[PDB]
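Asker:
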Amino acid sequence: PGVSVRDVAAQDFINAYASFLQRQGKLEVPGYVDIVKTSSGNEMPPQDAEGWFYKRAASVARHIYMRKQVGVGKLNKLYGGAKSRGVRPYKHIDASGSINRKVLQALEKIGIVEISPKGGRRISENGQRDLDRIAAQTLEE
Amino acid sequence: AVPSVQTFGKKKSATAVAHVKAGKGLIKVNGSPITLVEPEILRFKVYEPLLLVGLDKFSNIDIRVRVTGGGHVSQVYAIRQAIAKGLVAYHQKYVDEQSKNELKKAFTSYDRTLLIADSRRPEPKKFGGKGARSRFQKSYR
Amino acid sequence: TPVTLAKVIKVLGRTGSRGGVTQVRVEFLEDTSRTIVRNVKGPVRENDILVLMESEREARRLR
Amino acid sequence: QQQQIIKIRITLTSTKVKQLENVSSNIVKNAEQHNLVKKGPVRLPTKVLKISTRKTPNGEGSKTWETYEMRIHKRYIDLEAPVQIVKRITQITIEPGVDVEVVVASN
Amino acid sequence: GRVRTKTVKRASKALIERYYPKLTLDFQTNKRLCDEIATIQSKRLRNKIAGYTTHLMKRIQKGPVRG
Amino acid sequence: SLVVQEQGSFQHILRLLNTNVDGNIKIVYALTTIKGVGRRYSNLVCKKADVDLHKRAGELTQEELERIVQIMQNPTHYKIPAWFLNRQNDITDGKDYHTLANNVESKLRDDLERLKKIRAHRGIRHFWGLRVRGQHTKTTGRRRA
Amino acid sequence: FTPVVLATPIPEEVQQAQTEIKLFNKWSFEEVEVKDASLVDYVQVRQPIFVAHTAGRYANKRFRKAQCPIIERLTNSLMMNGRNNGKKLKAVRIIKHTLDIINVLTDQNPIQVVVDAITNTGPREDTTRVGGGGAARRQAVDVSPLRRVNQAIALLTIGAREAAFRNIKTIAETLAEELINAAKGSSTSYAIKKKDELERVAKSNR
Amino acid sequence: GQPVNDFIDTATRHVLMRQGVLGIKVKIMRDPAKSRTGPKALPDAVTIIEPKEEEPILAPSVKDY
RNA sequence: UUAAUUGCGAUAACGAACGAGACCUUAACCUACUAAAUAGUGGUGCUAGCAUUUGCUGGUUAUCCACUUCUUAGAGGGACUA
RNA sequence: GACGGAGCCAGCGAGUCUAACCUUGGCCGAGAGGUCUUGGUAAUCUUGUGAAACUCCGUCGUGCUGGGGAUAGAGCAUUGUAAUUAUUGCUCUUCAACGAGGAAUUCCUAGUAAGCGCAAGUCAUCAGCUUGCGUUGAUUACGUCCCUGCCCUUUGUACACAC
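Order-wise, the sequence lines are chains A, B, C, D, E, F, G and H.
Here the first sequence is numbered in my numbering, starting from 4 and rising by one per residue.
Here the second sequence is numbered in my numbering, starting from 350 and rising by one per residue.
Here the third sequence is numbered in my numbering, starting from 2 and rising by one per residue.
Here the fourth sequence is numbered in my numbering, starting from 496 and rising by one per residue.
Here the fifth sequence is numbered in my numbering, starting from 525 and rising by one per residue.
Here the sixth sequence is numbered in my numbering, starting from 11 and rising by one per residue.
Here the seventh sequence is numbered in my numbering, starting from 450 and rising by one per residue.
Here the eighth sequence is numbered in my numbering, starting from 1135 and rising by one per residue.
#1: Give the secondary structure of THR547(G) by DSSP, where H, G and I count as helix, E and B as strand, and everything else as coil.
#2: Closest to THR356(B) by C-alpha separation, out of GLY420(B), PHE476(B), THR457(B) and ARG415(B), would be which residue?
#3: In the DSSP output, what is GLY358(B) paired with across the bridge?
#4: List, in chain order, every chain E residue whose beta-carbon is nearer than 7 Å to that of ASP1178(H).
#5: According to DSSP, simplified to helix, strand and coil, what is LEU51(C)?
#6: Based on DSSP bridge pairs, tell me the residues matched to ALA1145(H).
#7: Under a three-way DSSP split, which group does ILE115(A) fall into?
#8: Under 8 Å between C-beta atoms, does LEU547(E) make it to chain H?
#9: Against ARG596(G), what residues of chain C qualify as contacts under a CB-to-CB distance less than 9 Å, listed in chain order?
#10: Residue 636(D) bridges to which residues according to DSSP?
#11: Which class does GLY608(G) belong to by DSSP, given the choice of helix, strand or coil?
#12: Identify whether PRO382(B) lies in helix, strand or coil by the three-state DSSP scheme.
#13: Can you check DSSP and say which residues form a bridge with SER99(A)?
#14: Can you give me the C-alpha to C-alpha distance between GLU527(D) and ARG566(D), rounded to a whole angstrom?
#15: Tell me, please, whether the CB atom of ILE38(A) is closer than 8 Å to any CB atom in chain F?
#16: Quick one: which unbroken beta strand (DSSP E) runs of 3-plus residues sit fully inside the stretch 584–641 of chain G? Chain order, please.
#17: Hey, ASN30(F) and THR43(F): beta-carbon distance below 8 Å or not?
#18: Cutting at 7 Å between CB atoms, please list the residues of its own chain near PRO352(B), excluding the five before and the five after it.
#19: Could you name the residues of the same chain whose beta carbon sits closer than 7 Å to that of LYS510(G), not counting the 5 residues immediately before and after it, in chain order?
#20: CB-CB under 8 Å to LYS359(B), same chain, minus the five flanking residues each way: which ones, in chain order?
#21: Using the Cβ count rule (16 or more neighbours within 10 Å means buried), how would you classify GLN552(E)?
#22: Give the interface partners of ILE564(E) over in chain H, defined as CB-CB distance under 8 Å, in chain order.
#23: Report all residues from its chain with a CB closer than 7 Å to the CB of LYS1174(H); omit the five preceding and five following residues, and keep chain order.
#24: Starting from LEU75(F), follow the alpha helix (DSSP H) in both directions and report where the run begins and ends.
#25: Going by beta carbon distance, what residues of the same chain come within less than 6 Å of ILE584(E), once the five residues before and after it are set aside?
#26: Of all Cβ atoms in chain H, is any one closer than 8 Å to the Cβ of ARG542(E)?
#27: Tell me the DSSP bridge mates of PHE16(A)?
#28: Please name the residue in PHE56(A), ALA139(A) and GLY44(A) whose C-alpha comes closest to that of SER99(A).
#29: Chain A beta carbons: is any one of them nearer than 8 Å to that of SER381(B)?
#30: Which of helix, strand or coil does DSSP assign to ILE580(D)?
#31: Taking 8 Å as the limit between beta carbons, can you name the residues of its chain near residue 493(B), skipping five residues before and five after?
#32: When you compare the CB of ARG9(A) with every CB in chain B, is at least one pair closer than 8 Å?
#33: Helix, strand or coil: how does DSSP classify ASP445(B) here?
#34: Closest Cβ-Cβ distance between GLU574(G) and chain C: below 8 Å?
#35: Going by C-alpha distance, which of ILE589(D), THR548(D), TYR571(D) and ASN521(D) is nearest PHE476(B)?
#36: Counting contacts by CB-CB distance shorter than 8 Å, is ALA52(A) in contact with chain F?
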């Protein structure tokens, strides 16, 4: 019947889509990776320095899919976190915009998203091709 | 045409709106099925109203639920509250109350909060104390 | 076994400097003719069951 | 020329509920006696205006912050009528304490 | 506690002899008739007088009450 | 799964730039014990050396250990972006450097005598032993300062 | 049982719970009872429940916490650190793991073991202070059943609390070990030994 | 209570005499029964109408026309 | 007896008043009244996509219609210890 | 518990044309920030304030440790004419005491304390403060006057500036 990405686990979808992205090898990893802590308030780039960008790509894909259109700022706010400001109480700080912009600019060429003339980045038909297909595959894995 | 009733549930600030119509048994929360409700330790808690009276009646009824506001567990109770309310509403409008009263009896006998919203609500906070009740630490000399 | 079973038949009232102890009349389970005033700490109701180590020490410090 | 329609919208701002709905009811009943089709008077969210300040002119004593909270109430009403009678509805149905703004719209 | 003030007791007293046969054991109807037979500024106070006079109506029904 | 079945070739407590570094702890965090090298300057050198991240300090071979030392000495040569360094764009010779264990304390004295030679306010605070960053000295600084 | 087929796929491990209510779909309330007189119908187990998180109202009336299912109160008692205020769902995660542990420990339903532990670690009698002068005295009398069960659960969770501090030991297995020892009787657990000690102090300072 | 706003009006004045300043705080309650705004009865006040009761009639009849 | 000089009741006291209370505001109830592109919802309604026995989405009063249960806020009703 | 990845749900606000306010989106930028434009005088644009605890998965594995961020060093930015006696934030370098606390003492009985975050006053920049808002959300008791105070009756008094 119909199997789109809402009946499948979100975390498993992101993991499996990252694995699919890694095998397919069309992610144009920007290269400067593993120097950005992925959060301006964090203290280190991820532990999975070899697949975390692909995880970010899959997560952003699902995020843009589930929303109408999302801009870089709403990428930063969601992908930020509580910075341990030291001897002061925690405050949420917006993450690095570089990873958000580069992952979106990456999805522009594969075709997952487009510039969304109304707003920021919105899902595309090409993205709908692969995402729901990955959901279907992972369902009957 | 299509017989549809609408209900809602409410925790402190999480508000759930549900549509109960005669159908096949599609249970969703913001587009995700009842089996992917977050978190896993609380998924069976929203499952509760389904199992309290057996899935045979839900084989004829499909409920669409959208939740806005509040917190995660507040939703987790809000959807189940709304499901019990929508079930009793549909089986009042269209099905005999000989079954409907048994439904309401079972729900409130299991827990009274399934179809009655707990009026436990926050009260304002008063100057001189972080919480509504407690005051600041006192000094003497 | 030095254990005695008794059941509340009457709650009398609260004593103690802090009011944290209550006088209660209690009749045994193993027989229904031995009833004694005793004292209890926490919240209490009627017909509650009490396990007495020594079922002889009558209540002291009544009011 | 043939009774041109305007799609006019009127905003009514006030703090006092009694006077705000006084002028609102005046306007609505004038429209009704004109036998007019429109959208009902939409009541805006209760705009509470919350500000907190010390009660002590000095700093001595128990700390007494206490708040002066306002209740701005607004209603906007859609109307479809000629200029000749919207000018009547703006020259009348007014009182102190309420401010009414009339704006042409395509809504 | 919920102890009733002298105002509500006074009002219920003055109410009962003046309109005893019309008063009844039913709080709902009594609360309604409190509109015609008297004016109470707040619905809450009107409910208070009604609630007291219902109990007095019942108590008079079972035995005379001095006062 | 890195289920290891090795021989008795494990190398215990070791010296890198004459600093004691344990062999049992993971390399990335154990290497912060060399003075002047912190958590991130220790992670990035490992990933740029492409050495195994999920391995202890006694399983990495000598050649990659020496190349890690080489990278630590030469941050200008391994794509380190010059904002990731300690001595960003120094004062005397203007070059971009990184200070190491045998020299972190040397530069810690060095900036000190230059400040107390120019008789700067921060330098004289360093001399007296107070704070330098303009904090509140009235309530704190009693148990060790 | 010929389970029903629904347009929403519901797993058979949920479908099978339709027959009888099963705590976490693994632990049953049948063949489980409070073996301790004076604590029956106070260590409330008869009524059914599936998870130990309920949005109840038990601080409203004097004895309305008595009917609350014991698993909820115990899990709530795991919520006790000063940093662990809130995190009731973390507490229910911990109880899930520890119940799984106890089932493997005893060839028996874990809730029977926890009921035994509560009953055996609820101190029967203790003392209250009497005498406002310099020579105060401890006067010891028996304890109400609800006070007993509250002390029992508090002491169980406190033994787990002390053991979990500054050690590699997982809280789930710590709590399971403490509960099973409190039930069977070993005096190698903190709760049973403190129950013994408090009752003994009452026995001596009569 | 709000009857302070409903029925009291207050007014404070500073009066400068040769020696200093005198404070004058005039607090006035208007008659609630008067004026044509808001309530005319205090929240506590209870008003009872005259029942105008009549003598019972013991002759049932009909007025036909 | 009450949180209460809150009341019952005893009375050389009676009847009163202010404070408390009463008052008002906030919060929860109302599938009931009133509505609404600055709130939402239903339409194998408009269009298009997805996966294909049909479920999920994007522009939908400005691409329409019907409504106010969720939202809002007026009038009220509701508990007064029944 | 920390770290990293992912899931990811509010309310109470506020905001510039009597002007440089709130800024979406795109771009530069590790970050900090800069940038062109958009929308908003405001239930509409910030904004579904996608906030954090929480959840899942993995690393650490009893080591004052990867907890902790104190002091200090170097650089990059914004506001202000002006950041020096560090404004603040950001980058990296350092991980000090602190293994839960003696007398003593504070606050607190249900959406409660406490954990968690956000908004707003402050404001050119500065929030460890504070008012509010919410998110998660206990235990224990429904009492007593023993301690501390307050009040009442009686009592005593040589006090009334009132012990």
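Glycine included, C-beta positions come from ideal geometry on N, C-alpha and C.
Answerer: Considering the structure as presented:
#1: Numbered from its first residue, the seventh sequence carries residue 547(G) at position 98. Helix, per DSSP.
#2: For the purposes of this step, residue 356(B) is taken as residue 7 along the second sequence, with counting starting at 1. Comparing Cα positions, the closest option is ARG415(B).
#3: Indexing the second sequence from 1 puts residue 358(B) at position 9. Answer by DSSP bridge pairing, in chain order: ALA365(B).
#4: Residue mapping note: residue 1178(H) aligns to position 44 of the eighth sequence, counting from 1. Residues of chain E passing the Cβ test: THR531.
#5: Residue numbering aside, residue 51(C) sits at position 50 when the third sequence is read from its first letter. Of the three classes helix, strand and coil, the one that applies to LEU51(C) here is strand, per DSSP.
#6: Counted from its first residue, the eighth sequence places residue 1145(H) at position 11. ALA1145(H) is bridged to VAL1160(H).
#7: Translated into the one-based positions of the first sequence, residue 115(A) becomes position 112. Three-state DSSP puts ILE115(A) in coil, outside helix and strand.
#8: For the purposes of this step, residue 547(E) is identified with residue 23 of the fifth sequence, where counting begins at 1. No, no contact with chain H.
#9: On the seventh sequence, position 147 is the one that residue 596(G) refers to. In chain order: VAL41, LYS42, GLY43, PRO44 and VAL45.
#10: Chain D is shown only over 496 to 602; residue 636(D) falls outside these bounds and no answer can be derived.
#11: On the seventh sequence, position 159 is the one that residue 608(G) refers to. Residue state, collapsed to three classes: helix.
#12: Translated into positions along the second sequence, residue 382(B) becomes position 33. Residue state, collapsed to three classes: strand.
#13: Against the first sequence, residue 99(A) aligns to sequence position 96. The partner list for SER99(A) (beta bridge, DSSP) is empty, contrary to what the question assumes.
#14: Here residue 527(D) refers to the residue found at position 32 of the fourth sequence. Here residue 566(D) refers to the residue found at position 71 of the fourth sequence. Their Cα atoms are separated by approximately 29 Å.
#15: Translated into the one-based positions of the first sequence, residue 38(A) becomes position 35. Yes - at least one Cβ of chain F is within 8 Å of the one on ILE38(A).
#16: 586–591
#17: Position 20 of the sixth sequence, counting from 1, holds the residue named residue 30(F). Position 33 of the sixth sequence, counting from 1, holds the residue named residue 43(F). Taking 8 Å as the Cβ cut-off, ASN30(F) and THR43(F) qualify as a contacting pair.
#18: Counted from its first residue, the second sequence places residue 352(B) at position 3. Contacts found: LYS370, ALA371 and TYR443.
#19: Along the seventh sequence, one-based indexing puts residue 510(G) at 61. None.
#20: On the second sequence, residue 359(B) is found 10 positions in, with the first residue counted as 1. Correct list, in chain order: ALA365, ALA427, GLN430 and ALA466.
#21: Here the question's residue 552(E) lines up with position 28 in the fifth sequence. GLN552(E) should be labelled exposed.
#22: Here residue 564(E) corresponds to residue number 40 of the fifth sequence, with the count starting at 1. Within 8 Å Cβ-Cβ: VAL1180.
#23: Taking the first residue of the eighth sequence as 1, we reach residue 1174(H) at position 40. Closer than 7 Å at Cβ, skipping near neighbours: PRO1166 and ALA1167.
#24: Residue 75(F) sits at position 65 when you count from the first residue of the sixth sequence. Where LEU75(F) is concerned, the enclosing alpha helix (DSSP H) stretches over 72–83.
#25: Indexing the fifth sequence from 1 puts residue 584(E) at position 60. Excluding sequence neighbours, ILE584(E) sits near nothing in its chain.
#26: In the fifth sequence, counting from the first residue as 1, residue 542(E) sits at position 18. Interface residue, yes.
#27: Looking up residue 16(A) in the first sequence gives position 13. According to DSSP, which records beta bridges pairwise, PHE16(A) is partnered with nothing at all.
#28: For the purposes of this step, residue 99(A) is taken as residue 96 along the first sequence, with counting starting at 1. Nearest of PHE56(A), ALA139(A) and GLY44(A) to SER99(A), Cα basis: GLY44(A).
#29: As a working note, residue 381(B) is residue 32 in the second sequence. Yes, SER381(B) lies at the interface with chain A (some Cβ there is under 8 Å from its Cβ).
#30: As a position in the fourth sequence, residue 580(D) is number 85, starting the count at 1. Correct three-state label for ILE580(D): helix.
#31: Residue 493(B) cannot be examined here, being either before or after the span of chain B that is shown, 350 to 490.
#32: Residue numbering aside, residue 9(A) sits at position 6 when the first sequence is read from its first letter. Chain B contact via Cβ: present.
#33: Taking the first residue of the second sequence as position 1, residue 445(B) is located at position 96. Coil, per DSSP.
#34: Residue 574(G) sits at position 125 when you count from the first residue of the seventh sequence. Answer yes: the Cβ-Cβ gap between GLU574(G) and chain C drops below 8 Å somewhere.
#35: The residue labelled residue 476(B) in the question sits at position 127 within the second sequence. The candidate whose alpha carbon is nearest that of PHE476(B) is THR548(D).
#36: One-based indexing of the first sequence puts residue 52(A) at position 49. Answer yes: the Cβ-Cβ gap between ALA52(A) and chain F drops below 8 Å somewhere.
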